[PDB]
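Chains as they are written, first to last, in the deposited numbering: chain B, 5 to 278; chain D, 5 to 278; chain C, 9 to 278; chain A, 3 to 278; chain C', 9 to 278. A prime marks a further copy of an entry chain.
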Amino acid sequence: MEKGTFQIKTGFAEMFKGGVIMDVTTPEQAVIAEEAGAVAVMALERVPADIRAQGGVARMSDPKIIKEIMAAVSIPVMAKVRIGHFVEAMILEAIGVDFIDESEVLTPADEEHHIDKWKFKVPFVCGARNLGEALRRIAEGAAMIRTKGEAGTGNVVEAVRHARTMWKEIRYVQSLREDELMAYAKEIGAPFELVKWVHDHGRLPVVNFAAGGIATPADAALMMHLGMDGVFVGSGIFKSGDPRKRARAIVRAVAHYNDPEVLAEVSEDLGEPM
Amino acid sequence: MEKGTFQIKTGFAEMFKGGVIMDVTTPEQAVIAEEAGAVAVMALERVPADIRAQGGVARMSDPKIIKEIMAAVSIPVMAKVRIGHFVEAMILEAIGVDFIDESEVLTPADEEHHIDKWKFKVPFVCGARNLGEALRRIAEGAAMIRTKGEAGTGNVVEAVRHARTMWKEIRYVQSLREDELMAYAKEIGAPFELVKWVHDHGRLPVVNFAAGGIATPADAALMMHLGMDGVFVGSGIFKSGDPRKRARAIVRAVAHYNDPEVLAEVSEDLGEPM
Amino acid sequence: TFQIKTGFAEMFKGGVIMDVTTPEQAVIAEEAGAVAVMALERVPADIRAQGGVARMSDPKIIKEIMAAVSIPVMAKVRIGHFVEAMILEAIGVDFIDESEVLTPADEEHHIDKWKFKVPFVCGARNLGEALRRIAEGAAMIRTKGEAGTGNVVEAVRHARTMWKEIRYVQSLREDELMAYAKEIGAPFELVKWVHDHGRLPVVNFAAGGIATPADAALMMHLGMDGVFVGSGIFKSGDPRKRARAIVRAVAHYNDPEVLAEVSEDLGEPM
Amino acid sequence: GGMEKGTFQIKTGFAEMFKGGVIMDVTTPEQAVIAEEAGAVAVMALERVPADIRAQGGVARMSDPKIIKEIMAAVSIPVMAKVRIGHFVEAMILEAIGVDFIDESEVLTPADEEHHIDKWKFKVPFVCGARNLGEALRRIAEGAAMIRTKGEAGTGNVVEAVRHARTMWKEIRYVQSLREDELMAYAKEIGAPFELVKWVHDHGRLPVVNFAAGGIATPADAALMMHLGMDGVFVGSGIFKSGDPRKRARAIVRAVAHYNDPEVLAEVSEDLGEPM
Amino acid sequence: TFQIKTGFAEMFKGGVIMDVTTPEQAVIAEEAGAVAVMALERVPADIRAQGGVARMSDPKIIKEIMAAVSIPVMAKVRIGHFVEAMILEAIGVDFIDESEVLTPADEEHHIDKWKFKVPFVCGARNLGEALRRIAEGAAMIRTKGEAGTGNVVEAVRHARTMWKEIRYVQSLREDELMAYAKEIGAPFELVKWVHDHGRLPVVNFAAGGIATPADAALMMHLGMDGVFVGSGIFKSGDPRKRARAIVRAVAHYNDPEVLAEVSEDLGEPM
């Protein structure tokens with residue numbers, strides 16, 4: 005019998021567990037995010053949600069602005085690339101970003117293929133709405149997963165659906181008989197060997213963050229209760245009264261998601277949401 | 005032959021029977037409501053109907069606003085949370101609200117699951133359009149039910165439909181043979197054990213209020229004639245000219261719903277509605 | 009508060025219940041090792057196939073079978089025919105099968121089984137159906153499988169489906185149970201029970217299409233507590249041999265050697 | 003950040019001994035002997051012809067161990083037997099009595115319409131049917147040690163076997179031609195296990211022996227399947243009902259062994275009698 | 009650069025090719041004036057009508073026919089069955105008919121005829137189909153017509169259609185040829201060839217449903233180069249007479265008097 009092999013890019017995002025990653029468009033916002041306790045920042049030249057709302061094309065940000073943000077903080081810096089645009093990824097890797105987000109929020113560059121992430125040293129985070137999608141991204145080399153949620157609305161409903169769905173399926177796979185795994189793998193279009201891995205471990209092999217629609221500290225804590233490892237939040241934070249306060253509030257809510265007293269405290273006099 | 009047991013959050017809203025609960029956005033309005041005779045107030049930082057109209061997301065109100073209202077009156081204070089947002093509920097419970105309304109008027113946070121209300125000490129009120137919905141909410145731990153009615157229109161037609169429907173079904177269940185209960189329970193998607201309870205008692209195990217579209221004293225009294233235990237009325241009272249007058253009028257109409265002389269008196273020179 | 013009619017079918021675990029139409033077949037079944045027999049005046053599948061109405065069997069025939077063996081005797085009633093059930097209870101049957109194989113007497117309601125002292129077994133194709141029957145008072149469940157074909161495919165589907173759902177329910181978060189219960193039309197309180205125990209509160213047997221020793225053992229591997237087999241055993245050629253073979257296959261379902269042994273020179277099935 | 007080492011297996015090395023050969027369905031020891039003397043590389047033991055049972059509207063199951071053992075004692079070449087799809091207990095029995103290969107056959111009445119047998123739980127190797135690459139790889143991922151086209155049963159029409167053989171190969175060669183970054187999309191498209199798709203991309207062939215089956219009625223048909231890239235063929239018991247069982251069986255064996263020799267093919271096709 | 013397998017069927021122009029199932033029929037066909045015979049062990053139409061699979065005939069029967077006559081002998085193979093073709097070529101047939109009347113062996117691909125020395129005849133219902141077959145290597149084309157009915161209506165449709173399209177292609181502007189080629193799914197280079205010559209590059213025969221002398225002559229008037237006729241000639245009553253009648257009708261297709269003469273007292277057709 006022949007022995008086949010495959011890999012899983014593990015250990016790259018564990019450092020972010022229990023934390024918040026914040027979108028930032030300027031070095032000033034990056035500084036505020038770091039001071040507020042963000043575990044990493046997502047550098048953006050312009051808010052993708054704003055671009056698509058205007059019917060424009062959202063692409064990789066200019067290296068100039070990404071570098072400026074990298075020079076402003078000490079925490080990890082992530083940046084986005086269009087789905088399938090492996091050259092944009094080559095560029096981000098070259099300038100030294102710590103993580104690349106192959107994001108559906110930017111305008112897809114390839115509507116059939118995602119990036120061959122195994123061809124890169126730099127780790128990637130990819131979006132998913134269910135287990136099948138998550139496992140396909142991981143099979144391609146993804147080192148982190150995040151819910152797709154809903155972009156540009158501030159409505160947490162889809163993030164909740166994706167979080168609950170991914171976990172319902174993970175726990176279901178773990179509960180299935182070994183002889184029932186292939187049929188299920190085919191049903192959800194998930195790579196078989198990874199389905200077997202999930203059956204044996206009862207979790208995803210990589211960190212899984214909530215993203216899209218997280219607008220309040222309550223929303224962030226809700227995602228932690230739903231089994232997510234942390235959350236990504238948008239630049240809306242720096243678009244309301246005291247951005248420093250809401251940013252810190254979300255960081256604290258994620259760190260103490262099971263403490264009602266803390267959650268109530270950080271939610272008080274928080275100002276207008278996005 | 006094993007024997008199981010289930011619970012029912014009873015005895016929490018009986019103190020509101022025969023009364024009116026008013027939506028309030030400021031301490032000043034809360035004071036007016038209390039002076040008018042309201043049995044409780046519903047604290048809101050902003051009218052959810054207004055937010056939906058603007059296509060925005062309606063969420064739990066800022067604790068600061070809720071606390072200010074709590075400090076202004078002696079009657080019970082309720083507040084709303086989005087459907088399925090159990091963390092918003094954790095927060096409201098922590099700040100000391102007397103009742104939580106898991107409201108469909110706010111933007112649903114979970115389109116598949118409602119809050120596991122048994123995990124809270126604070127009682128919940130939930131909306132329903134029929135018996136099946138009412139019993140599912142009660143099975144989840146609801147301590148009070150209200151019609152969903154129609155919000156932001158001032159049209160009582162849906163509240164009438166919901167009130168009549170719930171009661172037609174309650175009385176029908178009571179009229180059914182014991183051997184016909186399972187088929188009906190399945191038909192309306194209602195928890196079997198609660199259907200049996202309703203069959204034996206001929207009513208819901210918790211207080212059932214009218215809500216959504218009650219704009220005039222006549223509307224309020226109409227709901228009492230249709231078998232409801234009381235009514236919830238919106239902040240529209242504090243904008244329809246001389247809020248104090250219409251507020252007292254509705255309270256008196258509910259208290260004397262079977263007295264045409266009183267109903268005529270309080271309806272006269274009441275001013276523009278909504 | 010609610011109840012669950014438990015403790016009535018546990019005695020049948022690991023066993024085979026055989027359909028019998030005569031006292032002679034009943035004796036053969038008992039001698040073969042059957043844990044109980046299902047008395048039938050005529051094979052429902054035959055009647056149904058002939059387009060006729062299949063009902064409760066004549067008490068005379070059931071009594072003759074009861075007097076021929078010492079093991080429990082079951083009999084069938086049409087779905088919703090609670091008077092047929094009153095009659096079977098009165099004559100002393102040990103278990104009643106509210107069977108979909110007989111012609112349904114009520115297309116809307118099943119029997120209010122709580123009104124009887126005698127235990128009932130009901131069929132199910134999934135968890136929702138099983139829990140509804142249990143909520144009505146059923147003390148035992150069986151797969152509906154497929155009747156009158158000898159094809160085990162549906163019994164396999166039902167067995168696997170009920171178990172996939174049971175294990176899924178156990179895996180669900182407590183706050184996700186109501187939505188699921190509503191989805192499969194299952195009594196909420198029983199769903200919570202299954203969530204806490206990871207199994208059905210009553211014995212669950214395979215039935216419908218079990219034609220060979222291999223089929224019977226297969227059902228045990230799929231998590232069933234035993235099997236019901238049709239009167240086809242007394243026609244295939246050697247009744248005593250195939251009957252004993254199925255009994256032994258269930259008792260040794262995890263032993264390939266024994267399974268191979270009892271399957272050899274077994275003549276031809278139904 | 004590191005790389006967790008994942009592993010998986012492929013049941014290779016079990017069917018190579020059959021390459022370039024013919025496997026024949028036999029219902030009696032006498033036919034088994036004829037098949038072996040004709041040059042068959044293995045025989046498929048059957049108590050009754052599945053196609054006939056199905057046509058008669060009956061249920062086709064695993065054969066009685068008695069008849070399988072009788073066939074095993076009559077020949078020296080490997081003996082295979084069939085089980086219904088998903089019937090792992092029938093498989094446990096065949097393994098126990100010593101069959102050399104198990105055919106999880108769609109020709110028998112499926113026992114599980116949702117799941118195939120967890121073949122990794124067996125020592126004895128399995129051959130499974132497939133109509134395309136996706137199906138073939140799913141069966142291999144489940145542990146299959148050999149694949150065969152499904153073809154068409156009970157008709158003697160080779161058209162479907164041709165379609166399956168050509169389709170599996172078109173897909174295999176296409177996978178090999180694809181860019182590495184285009185493999186996941188294709189794997190998803192055909193419902194094929196991704197790691198095996200990558201394996202096929204690197205090797206340009208199926209990881210296990212692939213035989214033609216279903217509808218192979220004449221020496222010309224058998225040779226055709228070899229030209230289409232198959233490793234051998236499975237033929238039905240129709241050979242024992244034509245006229246000269248020995249001649250017919252020998253003709254197929256020689257046609258497969260010399261599929262690229264027009265003269266041999268013409269020779270063995272002459273005065274061969276009516277098929278089936 | 010490309011090729012066209014021309015020059016192989018010209019010898020058959022103005023003639024009749026007859027289906028024969030025995031050496032005796034072959035002799036009758038040759039004596040009647042047939043330019044070639046199509047050897048068949050069994051009538052495909054009969055087999056197909058009986059729901060059976062029609063394949064290449066046994067080499068034994070084909071050889072017996074080859075040894076009985078001096079004129080060319082053709083034989084059929086199933087569509088896409090290139091091994092059957094390898095066999096027919098090996099035994100020395102003069103022409104192979106990749107026939108739709110036999111049961112197709114490949115529903116997607118026809119035989120790569122360029123890989124054979126022996127010429128092939130293929131059927132077609134229109135110009136696109138004819139050109140695709142020719143592009144694959146066909147050295148002769150025939151209408152598909154309708155088999156096993158004796159109804160000439162489809163042969164007429166196919167003959168008229170192929171010619172309407174050929175003359176249309178010749179009438180088209182050079183800049184309109186690509187769009188048309190795409191429209192009828194025809195190889196572009198061959199379309200340009202037809203545009204320049206106003207005919208097919210290979211012999212085109214009528215076939216399928218030619219039952220009477222009048223039918224045969226009709227096909228010649230419609231621009232066909234000759235006709236293929238079924239073995240029905242040897243059953244209608246007097247084989248030698250009807251066979252000779254069809255041969256003479258084709259040779260004198262424009263002579264009403266001869267056509268009337270050979271049609272008289274011809275017994276009854278298929």
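For every residue, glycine included, the Cβ atom is placed at its ideal position computed from N, Cα and C.
Residue-chain proximity (residue i, chain D), Cβ-Cβ < 8 Å
i	result
B/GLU191	no
residue 6 of chain C	Missing from the structure shown is residue 6 of chain C; chain C here goes from 9 to 278 and no further.
B/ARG165	yes
residue 293 of chain C	The structure shown does not extend to residue 293 of chain C, since chain C is modelled only from 9 through 278, so no value can be given for it.
Closer than 8 Å at the beta carbon, the chain B residues around residue i
i	result
D/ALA98	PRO264, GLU265, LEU267 and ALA268
C/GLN178	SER179
D/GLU106	Result: empty, since nearest Cβ-Cβ is about 14 Å, beyond 8 Å.
Minimum Cβ-Cβ distance from residue i to chain B less than 8 Å
i	result
D/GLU144	no
C/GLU162	no
A/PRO195	yes
Chain C' contact for residue i (CB, 8 Å cutoff)
i	result
A/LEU48	no
Chain C contact for residue i (CB, 8 Å cutoff)
i	result
residue 286 of chain B	Residue numbering for chain B in the displayed model covers 5 to 278; residue 286 of chain B lies beyond these limits and cannot be assessed.
residue 4 of chain B	Only positions 5 to 278 of chain B appear in the structure, and residue 4 of chain B is not among them; the question remains open.
D/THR111	no
Within chain A, the residues that residue i reaches when beta carbons sit closer than 8 Å
i	result
C/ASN134	None at all; the shortest Cβ gap to chain A is about 13 Å.
B/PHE20	Chain A residues near B/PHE20: none, gap ~12 Å exceeds 8 Å.
Per DSSP, cross-strand counterpart(s) of residue i
i	result
residue 2 of chain A	This structure does not reach residue 2 of chain A, given that chain A is present from 3 up to 278, and the question cannot be answered.
B/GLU6	A/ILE12
A/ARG150	A/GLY131 and A/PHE213
residue 4 of chain B	No information on residue 4 of chain B is available, as it lies outside the stretch 5 to 278 that chain B covers here.
B/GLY234	B/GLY23
Cβ-heavy atom distance, residue i to the ligand NAP, below 7 Å
i	result
B/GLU39	Annotation note on the ligand NAP: not contained in the displayed structure, which lists no ligands.
Neighbour list for residue i in chain C, Cβ cutoff strictly below 7 Å
i	result
B/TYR261	Residues of chain C passing the Cβ test: none, with the nearest at roughly 15 Å.
Test item: CB-CB of residue i and residue j under 8 Å
i	j	result
A/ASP246	A/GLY275	yes
B/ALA219	B/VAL160	yes
C/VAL258	C/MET228	yes
C'/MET46	C'/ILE70	no
A/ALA268	C'/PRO67	yes
D/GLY131	D/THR111	no
D/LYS200	D/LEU180	no
B/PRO80	B/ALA44	yes
D/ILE87	D/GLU106	yes
C'/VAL35	C'/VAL101	no
Contacts of residue i in chain D (Cβ-Cβ under 9 Å)
i	result
B/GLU154	Simply none; closest approach about 10 Å.
Contact set between residue i and chain A, taken where Cβ atoms lie within less than 7 Å
i	result
C'/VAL91	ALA222, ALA225, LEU226, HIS229 and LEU267
C'/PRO127	Going along chain A, no residue has its Cβ under 7 Å from C'/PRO127, so there is no contact; the nearest lies around 16 Å.
Contacts that residue i makes with chain C (C-beta to C-beta distance below 9 Å)
i	result
A/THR14	Those do not exist, as A/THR14 stays about 25 Å from chain C at its closest Cβ, beyond 9 Å.
Contacts that residue i makes with chain B (C-beta to C-beta distance below 7 Å)
i	result
D/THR30	Here the premise fails: no neighbours, minimum Cβ distance about 16 Å.
Contacts that residue i makes with chain B (C-beta to C-beta distance below 9 Å)
i	result
D/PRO67	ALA268, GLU269, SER271, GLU272, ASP273 and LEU274
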